[PDB]
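For the protein sequence lines, the chains are G and A, in the order given. Numbering-wise (this note's numbering), the first sequence opens with residue 1 and increments by one. Numbering-wise (this note's numbering), the second sequence opens with residue 1001 and increments by one.
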Amino acid sequence: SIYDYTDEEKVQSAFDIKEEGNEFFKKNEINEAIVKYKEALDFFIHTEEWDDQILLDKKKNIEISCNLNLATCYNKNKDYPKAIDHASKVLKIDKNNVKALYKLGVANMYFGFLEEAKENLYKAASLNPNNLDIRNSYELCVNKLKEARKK
Amino acid sequence: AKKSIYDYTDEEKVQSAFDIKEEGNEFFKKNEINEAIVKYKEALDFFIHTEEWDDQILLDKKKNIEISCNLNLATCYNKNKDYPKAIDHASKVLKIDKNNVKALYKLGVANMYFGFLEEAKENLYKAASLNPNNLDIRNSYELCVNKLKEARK
């Protein structure tokens, strides 16, 4: 069980399991990637008191990766509440992460948080102005907002 | 027709969350745990992005529904032996209602079975201290101490 792992071993395991999730992700095996990313993150339960610089940095990197990929997975599965949760977790540890703002915007938009989504997408577009996929989502958000406001 | 979260007023978010929570409770009593989990999560989804609410009446109702849904989810996940999810939900209750005894207990159980033994001992010792004649808490505390003594060998 988790009892048997040193802090260093927890970070190594989370990294290995995240890589396993990446492999499922690349093969379009989304449900299995989700399981692996959550398994990786479970190694960091009750680690808020860590103070080792290196463990903290590795933890941050792994948590960003796992939560970003979860957000993508959940958008693919059309589970917008879960995508919102995981994208938001990225932003808590890496403010203005462009990928997370984008995924959050898309999930917010499809769930119906239209004003929130337009803020997210505006921010992502303004940090990454030469991305057409952001523009397409931003277009849809504006259309939805216009239509909802005239209704 | 409600097609997205856009279509709900704050009052309606509270009402729907309460109603959906009750649907969860109905599944729970029928031992339809997976079905109950879905409903409790749907209830909580009504409160996404409501941090800046300031209507005290709605806040108080939201708080009660959030405590109930998260407590019930912790129970569901302990039943399904999904201990990380139970840890998450019991911990959410505690963020809202510090030293909620039921949440401390459910957090202790989930910690214990997942292997967070020292953590579990603290949760359960605290819970037993608050409710010293509760046998459910006592038995879980004894199991925790048994596990921890074994683990240390």
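Backbone N, C-alpha and C define an ideal beta-carbon position, used for all residues, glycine too.
| query | result |
| --- | --- |
| Sorted by chain position, which residues of the same chain lie with C-beta nearer than 6 Å to residue 86 of chain G's C-beta, five sequence neighbours on each side aside? | 67, 70 and 71 |
| Take residue 1054 of chain A as the anchor and find which of A:1011, A:1021, A:1083 and A:1022 has the nearest alpha-carbon. | A:1011 |
| List, in order along the chain, the chain A residues whose C-beta lies closer than 7 Å to that of residue 81 of chain G? | 1045 and 1048 |
| Consider the Cβ of residue 1058 of chain A: report whether some Cβ of chain G lies at a distance smaller than 7 Å. | no |
| Starting from the beta carbon of residue 1005 of chain A, find every residue of chain G whose beta carbon is closer than 8 Å, and list them in chain order. | 111, 112 and 113 |
| Please identify, using Cβ separations under 8 Å, the residues of the stretch 12-25 of chain G that lie next to chain A, in order along the chain. | none |
| Is it true that the CB of residue 105 of chain G sits closer than 7 Å to the CB of residue 128 of chain G? | no |
| Using a Cβ-Cβ distance cut-off of 7 Å, determine whether residue 117 of chain G contacts chain A. | no |
| What does the alpha-carbon distance come out to for the pair residue 22 of chain G and residue 1051 of chain A? | 33 Å |
| Counting only the same chain and skipping the five closest in sequence on each side, list residues whose C-beta sits under 7 Å from that of residue 1117 of chain A. | 1144, 1147, 1148 and 1151 |
| Using beta-carbon positions only, say whether residue 18 of chain G and residue 65 of chain G come within less than 7 Å of one another. | yes |
| Going along chain G in order, which residues have a C-beta closer than 8 Å to the C-beta of residue 1074 of chain A? | What residue 1074 of chain A touches in chain G: nothing, since even the nearest Cβ is about 14 Å away. |
| Kindly indicate the opening and closing residues of the alpha helix (DSSP H) around residue 13 of chain G. | 7-26 |
| Please confirm whether residue 1151 of chain A has its beta-carbon closer than 7 Å to some beta-carbon of chain G. | yes |
| Give the DSSP-derived three-state secondary structure of residue 105 of chain G in the structure shown. | helix |
| Note down, in chain order, each residue of its chain lying with its Cβ closer than 6 Å to the Cβ of residue 1036 of chain A, except the 5 sequence neighbours on either side. | 1024, 1027, 1028 and 1076 |
| For residue 108 of chain G and residue 75 of chain G, what's the separation of their Cα atoms in angstroms? | 10 Å |
| Please work out which residues of its chain come closer than 6 Å, Cβ to Cβ, to residue 116 of chain G, disregarding the five sequence neighbours upstream and downstream, and give them in chain order. | 108 |
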